[PDB]
Amino acid sequence: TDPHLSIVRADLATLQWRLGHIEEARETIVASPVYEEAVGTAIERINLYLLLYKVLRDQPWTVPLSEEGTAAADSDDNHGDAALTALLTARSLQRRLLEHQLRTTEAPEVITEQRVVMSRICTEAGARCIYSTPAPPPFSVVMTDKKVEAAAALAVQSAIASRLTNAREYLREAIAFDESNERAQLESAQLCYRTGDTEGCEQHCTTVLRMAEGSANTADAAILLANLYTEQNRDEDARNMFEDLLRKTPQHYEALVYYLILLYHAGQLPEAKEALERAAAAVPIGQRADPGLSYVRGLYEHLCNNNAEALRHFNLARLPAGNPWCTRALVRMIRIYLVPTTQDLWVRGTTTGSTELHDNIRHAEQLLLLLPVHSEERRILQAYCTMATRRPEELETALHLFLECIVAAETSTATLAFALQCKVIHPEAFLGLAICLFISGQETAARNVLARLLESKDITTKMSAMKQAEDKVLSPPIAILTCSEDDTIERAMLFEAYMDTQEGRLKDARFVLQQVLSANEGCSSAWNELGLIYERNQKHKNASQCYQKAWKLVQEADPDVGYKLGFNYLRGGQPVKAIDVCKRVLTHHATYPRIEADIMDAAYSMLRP
Amino acid sequence: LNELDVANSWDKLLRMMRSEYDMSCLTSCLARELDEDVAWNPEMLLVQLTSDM
Amino acid sequence: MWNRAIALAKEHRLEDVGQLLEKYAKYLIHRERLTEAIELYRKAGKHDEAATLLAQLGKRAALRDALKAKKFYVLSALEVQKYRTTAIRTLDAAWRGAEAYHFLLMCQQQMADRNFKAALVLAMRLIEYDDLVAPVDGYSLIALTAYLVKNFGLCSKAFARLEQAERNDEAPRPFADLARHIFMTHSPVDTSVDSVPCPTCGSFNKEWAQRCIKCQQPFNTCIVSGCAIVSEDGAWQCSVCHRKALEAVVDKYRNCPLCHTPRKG
Ligand SMILES: [Zn+2]
Ligand SMILES: [Zn+2]
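One line per chain: the protein sequences are D, A and B, in this order. Positions 897 to 932, 953 to 1266, 1301 to 1361, 1425 to 1485, 1506 to 1642 (the deposited numbering) are the ones given, in order, by the first sequence. Positions 154 to 206 (the deposited numbering) are the ones given, in order, by the second sequence. Positions 874 to 961, 985 to 1067, 1148 to 1241 (the deposited numbering) are the ones given, in order, by the third sequence.
If you want it as structure tokens, here you go:
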């Protein structure tokens, strides 16, 4: 009826896109008369391109090629990113209208309001550049040869390098158009961190963490600082800033999570109560504990291996459903039901505990039902529940689930091997594959799949290097230097050390264990296995301090390290620090066997000249 | 101690209502506690609910 | 010595006892001794502002865990009922506030009772009670029970109001996602909703209708199932909380859902 008006076309394209009509919405947009006379007749022009970019924000593009079999170098890569072309045009239009109105001198309030939108536009541009979407490679050229497609693929990395250099271009105007823009500085911090200019990274993150209040995005920078400083251990000031951060806001649980995890890594865990209880006191009395707060406390107790209390706290954290922690808390609940003890899934079960394990699986499946099918990790936790079943026929089902995970990620032995050499996108499922292989009795392919997962996280390079490095920086591997909840690579290298112990080549096992220990002091299990390694070579001296650390970490809860550390001291020659250990064992576990006759009597014999 | 299996209050139920879509974002208003079978006196319970803290 | 102070002021006609009682009430509020305050009020015979001050902490309890808030309203109604015996607009507003948190408990536990048909009948009764309970709380249950019985129409209205609330809030929301997903994966047409006729003029009305659509006569609603009562033969009248229910459901319950009054025998 009235095709001049485009206000209606706006919500038309919006509704079409939101209902999944993609090509239809694109054709709706490109059909606009304004798309290639008051002041406002400028701005809505650009608006359509915005919407275009939005409906093409999630759309996977490819790198354009030439039909001869080569990449079309004369065809720009961002041409494939039609949304990037869209907002390239849009930002040019916005600066052109800025120069249009720079000589108008209208009512200044609209000038002031307009003065900030281009910042949003170019920041979204930079985000699209750094978060680019090169499509998965085609298969027709795979069905041609094994060298031509390889030589053709050698331009996609050029494409991403070009795009990120464009982003590094975008940063300056991004910050320059608005300094009050918290997101602009945040993105600038992230791209600077991707480049390597650590000085600028510190500037951006510090600026964000000052002026951003009333928003949680600060935490996204905060973790960055916590990885920025602890990348090389040169700075530990983040700690201080953290409490300073926590000085301003106590209710910022999402920062408190990284606080707890970094403290866990530094081994200074129990002091976290300083920040914790005041936050607990921050909430007014007579009110239910905040679900985030409950998740925080349960996370703490899980790091303290108080899994029975952590179960309750996490179940308190789930209420009410739909909260941002609800998926997280449910995932943690399933994890701790799967791994209640320090024994994780890839241990070997050497009657009575099998039935309790089955009951755990009942609880786990019952709780896993609550997680939506749309959630990606739901099927991974399904496969992990089937792992918990430990039925050797269910291993086939488990690997089927874990190898549908890769097909989800992309969106005979040949099928699993083609799932193998694909791009490493979902490390959780890859660890699931490794467990699948190991509990199937397979160790070579388990080593291969874990090796591919490790290669994704670049802690491969030190195994052979450290031998000749010590023969003639011991850099903490940058993968582990996160302090976020992603524990997957930690368990990955724990698994790898476990395998190496099983094959008994304890050198590189102790090596990677020392690597993660340098990364993390709270990994009590690794302390235990390192001490076991030292026992295997009878080097009780280092094992003694490691087991003391492990005893502190377990909070005296075990008798096993009782006999372990007591024997370690006793064969070490100085069990005067083992007598108190033995009595400490007897104080709670008054009937731990083999104590009263083996150790302190031999200690008295050793005390005699 | 025979009340640690509280999640059963949604276990055999949600199995028929969650298997399709992600409607969990809507069920925030559901109370964790159920309703029991006893007559509550007007005044005998206020002391025990205010004596928690 | 507040107990001595009030007696001293009363025996010396010190009419300023209101300020003294206000100071005592504020002091007990600061010391969070609601039990002492309500005992003082019931020994002093104060009813309406006493119930109001009880409800002041009642809503503060209600905003996180309201199973005590419904009890607070119940004994507030009991206090205003005892006001009648103490004697020898607000007459029914107190009962409205008390009954405002009646329906929600059994509306939520109807899923546990597995008879999901009455869940919608309960859920569509809190529309008039949007002031006491926020509509975002109730419309979630309304849409949920509309989905669980596979009916629509009312769910469209609930989702529309919920999404308008969300758009008011943002000026990334998942209730728009739920509304669009359900409306495109299912037919969004209202099912049969007129199944009860008016006892006066014979006009078929909604099961949740508070008044007739033709003759405009209010109907007393069932206290547990929520259906409007059309015949007084199957209507059971409670003599304590002054409420009505249906015989076929109240025979199962030995006590009233509101007051739990024991049956005299
Ligand atoms: Zn009528
Ligand atoms: Zn009654």
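Every residue gets a Cβ at the ideal spot worked out from N, C-alpha and C, and that includes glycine.
Pick from the options that is closest to residue i, judged by C-alpha positions
i, options, result
"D158(A)", "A1583(D), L1317(D) and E1187(D)", "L1317(D)"
"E156(A)", "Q201(A), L198(A), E186(A) and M197(A)", "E186(A)"
"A1196(D)", "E1360(D), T1426(D) and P1166(D)", "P1166(D)"
"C1579(D)", "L1603(D), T897(D), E1554(D) and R1569(D)", "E1554(D)"
"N1149(D)", "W1584(D), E1562(D) and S1508(D)", "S1508(D)"
"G916(D)", "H1157(B), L936(B) and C1217(B)", "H1157(B)"
"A1083(D)", "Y1109(D), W1241(D), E1523(D) and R1617(D)", "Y1109(D)"
"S1056(D)", "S1008(D), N1570(D) and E983(D)", "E983(D)"
"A950(B)", "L987(B), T959(B) and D938(B)", "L987(B)"
"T1001(D)", "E1187(D), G1208(D) and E1040(D)", "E1040(D)"
"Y965(D)", "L1004(D), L1619(D) and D1309(D)", "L1004(D)"
"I1250(D)", "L1527(D), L1546(D), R1234(D) and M1476(D)", "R1234(D)"
"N194(A)", "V1045(B), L948(B), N1064(B) and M1007(B)", "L948(B)"
"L926(B)", "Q1192(B), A1056(B), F1151(B) and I902(B)", "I902(B)"
"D1153(B)", "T959(B), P1031(B) and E1059(B)", "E1059(B)"
"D190(A)", "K1240(B), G1241(B) and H1236(B)", "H1236(B)"
"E919(D)", "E953(D), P1200(D) and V971(D)", "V971(D)"
"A1061(B)", "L1037(B), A1030(B), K941(B) and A935(B)", "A1030(B)"
"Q1571(D)", "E1589(D), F1600(D), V1545(D) and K1582(D)", "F1600(D)"
For residue i, three-class secondary structure by DSSP
i, result
"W1241(D)", "helix"
"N1149(D)", "coil"
"residue 1134(B)", "Looking at chain B, the numbering goes 1067 and then 1148, which leaves residue 1134(B) without any coordinates in this model."
"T1123(D)", "helix"
"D1166(B)", "strand"
"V930(D)", "coil"
"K1220(B)", "strand"
"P1194(B)", "strand"
"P1200(D)", "coil"
"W977(D)", "strand"
"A1630(D)", "coil"
"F1012(B)", "coil"
"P1207(D)", "helix"
"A1030(B)", "coil"
"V1247(D)", "helix"
"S1304(D)", "helix"
Distance CB(residue i)-CB(residue j) smaller than 8 Å
i, j, result
"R914(D)", "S928(D)", "no"
"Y1175(D)", "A1198(D)", "no"
"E1360(D)", "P1052(D)", "yes"
"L968(D)", "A999(D)", "yes"
"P1440(D)", "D1471(D)", "no"
"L1514(D)", "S1557(D)", "no"
"residue 1494(D)", "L1467(D)", "No coordinates exist for residue 1494(D) in the structure shown, because the numbering of chain D passes directly from 1485 to 1506."
"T1134(D)", "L1125(D)", "yes"
"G1595(D)", "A1576(D)", "no"
"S181(A)", "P1342(D)", "no"
"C1516(D)", "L1178(D)", "yes"
"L199(A)", "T1161(B)", "no"
"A1042(B)", "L1050(B)", "yes"
"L1321(D)", "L1331(D)", "yes"
"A1137(D)", "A1154(D)", "no"
"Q1004(B)", "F1012(B)", "no"
"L1144(D)", "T1123(D)", "no"
"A1226(D)", "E1217(D)", "yes"
Nearest-angstrom beta carbon gap, residue j and residue i [assumed within contact, 8 Å]
i, j, result
"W1212(B)", "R1021(B)", "Actually they do not touch by this definition, with Cβ atoms about 18 Å apart."
"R1099(D)", "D993(D)", "Wrong, their Cβ atoms sit about 25 Å apart, outside the cutoff."
"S1179(B)", "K1190(B)", "4 Å"
"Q912(D)", "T897(D)", "Contact doesn't hold; Cβ gap of about 19 Å is too wide."
"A1314(D)", "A1338(D)", "6 Å"
"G996(D)", "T1020(D)", "No, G996(D) and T1020(D) are not in contact; Cβ-Cβ is about 38 Å, not under 8 Å."
"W1241(D)", "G1208(D)", "5 Å"
Original post:
In chain order, which alpha helix (DSSP H) runs of at least 4 residues are fully inside the stretch 1512-1557 of chain D?
Top reply: 1521-1536 and 1539-1552
Subject >> Minimum length 4: unbroken alpha helix (DSSP H) runs contained in the stretch 1024-1072 of chain D >> reply: 1024-1030, 1033-1046 and 1064-1068
**OP:** Return the chain-ordered ranges of every beta strand (DSSP E) run that is complete within the stretch 1558-1637 of chain D and spans a minimum of 3 residues.
**Re:** Correct list: empty.
Original post:
Where are the alpha helix (DSSP H) runs, 4 residues long or more, that stay fully inside the stretch 987-1012 of chain B, in chain order?
Top reply: 999-1009
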